[PDB]
Every structure is written in C-alpha cells, then in structure tokens.
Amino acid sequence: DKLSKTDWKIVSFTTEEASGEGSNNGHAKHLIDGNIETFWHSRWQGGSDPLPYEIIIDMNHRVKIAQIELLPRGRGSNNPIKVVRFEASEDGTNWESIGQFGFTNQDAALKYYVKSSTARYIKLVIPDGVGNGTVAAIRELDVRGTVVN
C-alpha cells in the first residue's frame, strides 16, 4: 500500500549528480519518479559536496505517515550509506524528526517504522559525523500511510 507519487515534487536538495549519470539518471527527481532503474546520486562529477545531505519532497497531499521505504542502488555497487534520518512538516517551515535508522546496500527495500506523524512535506537526511561518506544512491523513496481528506 505504497502511496502514489505522481503529484510529488522535489522542493530542494543539497546535492545531486546532474551530469555524470546522464540526463535521465542521478538527479534528485529520480528518487521519486517511480522508476526502479533510476536513482538519485550524490554529486561526484566535478567533485563531491560535503555532508550532511538532505532532499525535501512536497507530496502535494497531507498524509498520516506509517512507514517510509528506501530502495537502495544495490547490485554490488559502492553505496556505503550507514545512517539515514527523516523529518516531516505540515506547513513546510516547521520540521519534526521522525527517526534515525540504519542503511545497507541490499537489493530489497529498507522499511522504516517512523514516528507516527502527519505531513505534506518529508525530508530525507544523510547526516555528517556518523561515518556516511560522499557516495550515496537511492532508487526510490516511498511512503505507506493514509491521505487526509
């Protein structure tokens, strides 16, 4: 029961790879395009960007969030993210932490049982100081929950 991402938009991001993966891969928008074969990648071409990394998504729906999933690059790639965090916001300005979790570069989705929260906006954070590096790649972010009418 993953929610439809068709209305989701990227608000902002710290870093993406806009050139090195071609026009149709590597960008922040590739996190939410529903395409398993594309991924957001942190910048590598022309040099890296320093941690922390964030990506803010406007779902364009208000959602009571039950779980968030991340689908790793996997496939034997170097993608050594260790720790991820999520934040959520009703209004886009006031943010709450909804949990910190582990990451491993497996092929199956990672399922994150976040703090129960209601939000229009979500934020993926790859923090500094916890042994993450500057190499990060994620095929999909998904949300399980219920749209508020």
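Numbers for residues come from their place in the sequence shown, where the first is 1.
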Next item on the list: Name the higher of the two by mean Cα B-factor in the PDB entry, 24-32 versus 88-96.
Entry: 88-96
Margin query: Among 38, 60, 45, 42, where is the Cα B factor highest in this entry?
Written below: 45
Notebook entry, point to check: Between 49, 69, 54, 107, which one tops the list for C-alpha B-factor in the PDB entry?
Noted result: 49
Note to self: Among the modelled residues of this chain, does the Cα B factor of residue 128 put it in the lowest, middle or highest third?
What the structure shows: highest
Margin query: By the recorded C-alpha temperature factor, relative to the other modelled residues in its chain, which third is residue 134 in?
Written below: middle
Margin query: Which third, lowest, middle or highest, does the C-alpha temperature factor of residue 141 belong to within its own chain?
Written below: lowest
Item checked: Third of the chain, ranked by Cα B-factor, where residue 14 sits -> lowest
